[PDB]
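Okay, here we've got a single chain as structure tokens, the form deposited in one PDB entry, with questions on binding and movement later.
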């Protein structure tokens, strides 16, 4: 194995203004102003529910380890941590929130070019995690964030593992998981391919809930019997046949992210041929030195 020469950047609490809450685990939107640099970087800041929980701190630093270890345009990178009473994670602000909330809010304005372009960008992000021997284990629309409508990134490395992997319980999302994941707590790049299939299905159904109202104890059995999620209305058989390939029992019979990139990107060249949508053709404070995390490099 190669050595992980990732830099973990420690930040002074004075270097960022929390600006607003985004969630409650609690998450703030903020500005980061690196020491005498004359730039302001919109950031997301996360800290613990209870400061002095040793179990909680092990968790967030594991998240930090992984996020420090990734540099790809379709993956969230750690900017730094702050070692206050409550440890603060600092990442790139994704202003438009999670892609699940986004498809739901904007279903009447989302066209095929966007949907297929997302499918590609997620396939690229996941393919990069695979290059880096990394297994996400919690890929879902809820865990893909929207920097712009044209640009999404994979997030929430809370469950992510460097290198099969054999786990041991914990509240885990059954409806996104490969069969071999539910049965034998096995996880691979190919089990992430399954979750990718469910993620694409989330998008193509404009955020609808998989196996809606079916309790998760049943799921194992249903999939054994041969059942899968339905063809979404907008989906040509071309797009749906791709999703179905992600839900094969033989993990190695499933497609590879590098292939999914290729297949979705061919379809993105002629989007109205692959996704049929009603009327598809139709579809900040006083801060001067602001710069997106993506243009802010340090050696």
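Numbering follows the first chain given and starts at 1. For clarity, a rigid core is taken as the largest C-alpha set superposing within 1.5 Å between two forms.
What comes next is about the form deposited in another entry, which is not displayed.
Superposing the two forms on their core leaves just one of 249, 51, 241, 262 with a Cα displacement of at least 2 Å between this form and the one not shown, namely 51. When two forms of a protein are overlaid on their rigid core, residues whose CA moves 2 Å or more are considered shifted, and residue 87 is one of them between this form and the one not shown. Core-aligned CA deviation for residue 30 between this form and the one not shown: 2 Å or greater. Once the rigid core is used as the reference frame, the Cα position of residue 276 differs between this form and the one not shown by less than 2 Å.
Relative to this form, the distance between the C-alpha atoms of residue 56 and residue 126 is reduced by at least 3 angstroms in the other entry. In the other entry, the Cα-Cα separation between residue 187 and residue 58 shrinks by 3 Å or more relative to the displayed conformation.
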